[PDB]
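J.: Once you've had a glance at the structure underneath, I'll fire off some questions.
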Amino acid sequence: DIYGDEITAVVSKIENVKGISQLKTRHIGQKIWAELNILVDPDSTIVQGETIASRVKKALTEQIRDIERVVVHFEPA
Amino acid sequence: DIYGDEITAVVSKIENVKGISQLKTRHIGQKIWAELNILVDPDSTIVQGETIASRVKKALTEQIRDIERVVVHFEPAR
């Protein structure tokens with residue numbers, strides 16, 4: 001959904017992501033350290049999941065300002 | 001994320017919390033303001049959810065005295 005936090009907004013537009021099971025953010029003033037767990041099709045390969053995780057990472061780091069750190073883990077839908 | 005883990009660790013042991021959907025910590029000096037959305041049984045009532053969420057807010061304020069301020073929201077799991 002695009003009406004929640006900025007990260008979830010970025011991720012709602014990535015077709016192959018079906019959900020975020022867990023979003024953890026740390027804030028020291030404007031600076032953001034993030035850790036996410038996305039849900040992808042459970043019959044995806046592990047390399048397919050990685051690819052999507054990299055896609056999400058890339059999207060987040062260019063679309064969102066003051067990202068110090070972002071890790072994306074993937075998990076079955 | 002030191003408090004991240006510490007928070008997750010405490011909530012992990014609270015009966016009827018099925019998961020953490022969202023954790024936000026903000027550093028204000030050397031104290032912490034935290035905001036969590038916890039996962040509870042979808043078939044419980046709202047007042048049972050608020051009961052669980054208050055148990056979490058207390059466990060966290062007590063066990064991590066670095067945390068000045070904590071808000072807990074809840075929402076349904078699967």
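Residue numbering restarts at 1 in every chain; chains get A, B, ... in the order shown in the structure tokens, and ligands count up from 1 in that same order.
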Please return, as a list in words, all residues of stretch 15-49 of chain A that DSSP assigns to alpha helix (DSSP H) on the basis of the backbone.

T.: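 The alpha helix (DSSP H) residues within stretch 15-49 of chain A come out as residues 46, 47, 48 and 49 of chain A.
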
J.: Can I get the selection written as a compact mmCIF listing (two decimals), in the first residue's frame, with N, CA, C and O atoms?

T.:
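Once everything was written out, this is result_20.txt:
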# COMPACT_ATOMS: atom_id res chain seq x y z
N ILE A 46 15.49 -20.05 -4.78
CA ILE A 46 16.22 -19.23 -3.87
C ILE A 46 16.93 -18.12 -4.62
O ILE A 46 16.89 -16.97 -4.19
N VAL A 47 17.54 -18.43 -5.77
CA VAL A 47 18.09 -17.39 -6.64
C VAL A 47 16.99 -16.36 -7.14
O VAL A 47 17.28 -15.21 -7.19
N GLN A 48 15.82 -16.81 -7.56
CA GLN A 48 14.68 -15.92 -7.81
C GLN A 48 14.32 -14.95 -6.67
O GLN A 48 14.06 -13.76 -6.90
N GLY A 49 14.23 -15.50 -5.46
CA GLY A 49 14.07 -14.70 -4.25
C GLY A 49 15.16 -13.67 -4.07
O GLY A 49 14.83 -12.49 -3.80

J.: Please, which residues of chain A lie no more than 10 Å from chain B when the count uses only C-alpha atoms, and can they be set out as a ChimeraX atom specification?

T.: /A:20-30,32-37

J.: List every residue of chain B that DSSP, applied to the backbone of this structure, assigns to strand (DSSP E or B), and report them as a PyMOL selection string.

T.: chain B and resi 19-28+31-40+67-76

J.: Do you know which residues are at most 7 Å from stretch 42-59 of chain B counting only C-alpha atoms, after dropping those on the same chain fewer than 6 positions away, and could you put them as number ranges by chain?

T.: B: 11, 70-74, 76-78

J.: Save the residues we just selected, C-alpha atoms, as a PDB file, in the first residue's frame?

T.:
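And here's out-v8.pdb as it stands now:
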ATOM      1  CA  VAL B  11       8.310  -9.735  23.001  1.00  0.00           C
ATOM      2  CA  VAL B  70       6.741   2.878  23.823  1.00  0.00           C
ATOM      3  CA  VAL B  71       3.594   2.528  21.680  1.00  0.00           C
ATOM      4  CA  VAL B  72       2.216  -0.858  20.769  1.00  0.00           C
ATOM      5  CA  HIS B  73      -0.428  -1.377  18.071  1.00  0.00           C
ATOM      6  CA  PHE B  74      -1.798  -4.705  17.116  1.00  0.00           C
ATOM      7  CA  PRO B  76      -4.146  -9.790  12.911  1.00  0.00           C
ATOM      8  CA  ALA B  77      -1.832 -12.628  11.923  1.00  0.00           C
ATOM      9  CA  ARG B  78      -2.842 -15.616   9.710  1.00  0.00           C
TER      10      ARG B  78
END

J.: Closest to residue A:58 among A:3, A:40, A:45, A:72, using only C-alpha atoms?

T.: A:72

J.: Would you compute the distance between atom CA of residue A:50 and atom CA of residue B:39? Give it in Å to one decimal.

T.: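 These two atoms are separated by 26.2 Å.
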
J.: Identify, on the basis of only C-alpha atoms, every residue whose closest approach to stretch 12-14 of chain A does not exceed 12 Å; exclude the query and any residue fewer than 3 positions from it along the same chain; express the result as a PyMOL selection string.

T.: chain A and resi 1-9+17-20+38-40+51-60+63

J.: How many Å separate atom CA of residue B:8 from atom CA of residue B:64?

T.: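 According to the coordinates, atom CA of residue B:8 and atom CA of residue B:64 are separated by 11.5 Å.
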